[PDB]
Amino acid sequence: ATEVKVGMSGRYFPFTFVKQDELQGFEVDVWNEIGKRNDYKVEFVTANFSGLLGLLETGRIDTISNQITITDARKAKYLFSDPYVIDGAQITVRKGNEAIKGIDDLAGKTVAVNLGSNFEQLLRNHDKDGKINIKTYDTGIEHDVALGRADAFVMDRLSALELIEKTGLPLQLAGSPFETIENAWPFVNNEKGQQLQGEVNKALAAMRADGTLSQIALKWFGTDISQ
């Protein structure tokens, strides 16, 4: 059997998170089904998001299942599979705050972003004159905004929506998503990476056909986020 290592953070509800001392979520269920279909011994390695892409290049993991958005720079540095989730980058503020209607309102504000994430680069590209006070983190991002240490943060709409409705955090969506994001699994451009890529695309396409991918998405979001 082929050993495959899947990097994640364990702090990305409901994609990858811990509850009752169990590492679970959307990314966990998906790669267990992939491992059934390709004779993989899947091994989950939890690490902060800022170092997941580093672990991938060094070779201590084989891929990452953590909503890795495909970017122009990441295309040149890694291989990617077919996108399995499509969404948009969302600004989210504290509940009751109407002083921030979108990304153009961040001038002079403090916006939290995960370090090394596509949301940081997008935010720095949307900061032409240094108006925004970008604060980068790996944990406690949505908590600083709900408490007041940061004015807003930028993630995907899906995860923020579940924190607002399911979890119940005192947060609200700030406007409409300003950038579509296509999320796929990155691979190292080597023999095993090319081998995993082609075999994962065949499993991903096979899961979309029989509805298994939709079953996983409905369990973790109530909505088929694969569509």
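Quick note: we count residues from 1 along the sequence shown, nothing fancier.
Judged by mean Cα B factor in the deposited record, 176-184 ranks above the other of 50-58 and 176-184. Averaged over their C-alpha atoms, the temperature factors of 88-96 and 129-137 are higher for 129-137. When the C-alpha B factors of 147, 123, 155, 115 are read from the deposited coordinates, the top value falls at 123. Note on the listed residues 66, 189, 159, 201: the highest Cα temperature factor in the record is that of 189.
Looking at the C-alpha B-factors along this chain, the one for residue 6 belongs to the middle third.
Annotation for residue 32: CA B-factor lies in the lowest third of the chain's modelled residues.
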